[PDB]
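Two forms, one chain: they're shown below as structure tokens, one block per form, named structure 1 and structure 2.
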Structure 1
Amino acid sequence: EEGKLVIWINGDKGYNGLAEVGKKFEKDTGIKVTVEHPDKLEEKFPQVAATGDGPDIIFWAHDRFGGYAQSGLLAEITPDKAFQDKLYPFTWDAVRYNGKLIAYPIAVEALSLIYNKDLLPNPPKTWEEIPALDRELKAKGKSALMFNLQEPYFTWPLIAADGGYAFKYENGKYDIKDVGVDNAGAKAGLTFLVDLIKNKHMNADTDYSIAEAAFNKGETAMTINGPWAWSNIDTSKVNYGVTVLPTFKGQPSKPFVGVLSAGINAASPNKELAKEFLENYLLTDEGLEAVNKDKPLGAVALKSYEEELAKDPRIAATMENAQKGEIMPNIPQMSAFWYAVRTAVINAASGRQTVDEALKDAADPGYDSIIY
């Protein structure tokens, strides 16, 4: 099935805009490009490719692609130095597996601090400031901060700020023997979170929908969330802004970064066409804008178009928190790690475990991450 391009992308992306780029590529080359948005595409792709079928190009979060590459399902991509120079260097980091590039970065996503400009026109630059801020707001019938404490993705930026990390990352490789989740930095960040809860500035039970409800009805001055939340805040009419996360111990909060990426199916007989399409049609200002026009990509990896889009301070902030954070590791071990950390944060925040006990357990999981 040579001579064409079949592309899979998720249904919450601008697939109709990507279809217009496919139509331009066909006008110029005569090669037909078909864009599909299957349900469950990231589960379906290894099922169909592993028997040398599937699309020629697949778009998904970079972290799943480690999995695919481990199974030999993705081609090494081959952009020259001049092409790689057009994207932010930290993005190339996300699409490396065994020192080889395995996908093109497209867009970048990370948490930011979202604030209610009517309640809080000058938001805090530091975590250490938030308790006093909370006191002032509580006197007005409001609170300083609510965010999801049930999922450790949302709490991680504070945990990593003073030096906590998941898996040491050096020379383009994760050392899974070297876990940083119980080091002195991680303990200090988590102890700060636990103290906030002990001191009634936050509630251990708060989850994604409680925090979103409070922010969007103007009951709390701040929340921590990502660009997937903006359109709900737009519906609410809150006058919000989006900014840099606070520092802790004078160091930046470090959210994990998700890189929407495009990989080439190892079994495609159309690898050269895929490279030309991605490098010369999609990853240019005109190509990304065709997609963005349809549904906003957020912050993008291509520097020239990101600079254009970053006139929107919300998008500038996303990129700013992303460059201060770290790439989500693309290794299969992350899912056991996230399960152990999630228990750790819940147990420390409830009083069930101390911070030191909780985190030692996350670093040294034993059999704890084999469910059920």
Structure 2
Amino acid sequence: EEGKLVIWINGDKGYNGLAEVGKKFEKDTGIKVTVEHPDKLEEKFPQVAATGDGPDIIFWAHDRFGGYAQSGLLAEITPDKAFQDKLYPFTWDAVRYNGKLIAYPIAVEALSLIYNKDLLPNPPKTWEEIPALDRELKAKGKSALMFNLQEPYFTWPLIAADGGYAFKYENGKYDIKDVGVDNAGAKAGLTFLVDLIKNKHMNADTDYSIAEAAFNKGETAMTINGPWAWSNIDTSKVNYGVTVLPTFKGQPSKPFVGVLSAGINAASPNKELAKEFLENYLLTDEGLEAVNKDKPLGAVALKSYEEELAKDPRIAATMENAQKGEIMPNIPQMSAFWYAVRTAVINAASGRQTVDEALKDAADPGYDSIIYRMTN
């Protein structure tokens, strides 16, 4: 680590694009940059950083950074007024924790409906229509919809539709005691999805790669996913639309919005180098274009680059879905929250627990929660 840069980022993002950026950096400065995408980095980072190890720079959606900052794993960052002016105000707000800035914002992510325009000329406006749709679509030996049920992020817009929420957001701060995941909005959302399963419109163990291959091979009319997925759909030549998520009980799907963000390890001795890389190389039209050409970032934080992208109707649809949803909390409880809800969705989907039972556990984990099973 002594005079080089190690960067971690998720394997669904443009880390080859990003590596090309670190080759530029190395070519100008002589500093070696290594980009890695380890499995479950969002869990490894706080483990290795707890002992003063880890990468120099960590990329994740902003929801996790509050917890790292509470744990002291992140350096405070100082961008001057000029630098700050280059990025949207709400992107900075996403990386502000106890009044400090703890990361650089990169890009705004939200989920959308992605549909195969061909076998499905009109999408649905609602979830309601999907069992009747999936049934006529099985006639051609197809299914209507496949998406990741192993990550609760992908089910969340449905759960939030009729009023499921995470922690109530009250004038200023988030109410940690007031947890929305087992209210009747939440219950109705997920019970819908479980019925789709009970009645075989969806399989309970579909994961990210199954939904992706199923979509990209024309096997299923629809999927739910973010900007990063558009690339591989381009490669497959599937004719797709990106559009508004379907409503439920006639309210809009509400996706949790993430700000892909870039933090500097508090234990790093290359903090100054990390600052030059992030500010002068990545967050430029050409740094981001390079990542974005690998896998699309969504609506970027950099105003100069976003000007171009905003003209793409995938990006406008992404943004309209982001409009109906909610910026993720970055509080330290988020991590336990996701772990609970991931288990609760998987449990109810597989019949291991009833909807009421699974979400009650997610809303109020006792000592029987997975969160305290000290599992791995």
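We call the rigid core the largest set of C-alpha positions that still match within 1.5 Å between the two forms. Start at 1 and count along the sequence of structure 1; that gives the residue numbers used here.
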| message | So the chain moves as two rigid parts between structure 1 and structure 2 - do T29 and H62 fall into the same part, judging by which superposition fits each C-alpha better? | response | yes
| task | Superpose on C-alpha atoms and tell me the smaller rigid part's rotation against the larger one between structure 1 and structure 2, in °. | result | 38
| How much does the C-alpha of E286 shift between structure 1 and structure 2, in angstrom, given a rigid core superposition? | 11.7
| said: Could you tell me the distance the CA of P332 travels between structure 1 and structure 2 after a rigid core superposition, in angstrom? | reply: 1.1
| message | Rigid core superposed: how many angstrom does the CA of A299 shift between structure 1 and structure 2? | response | 2.4
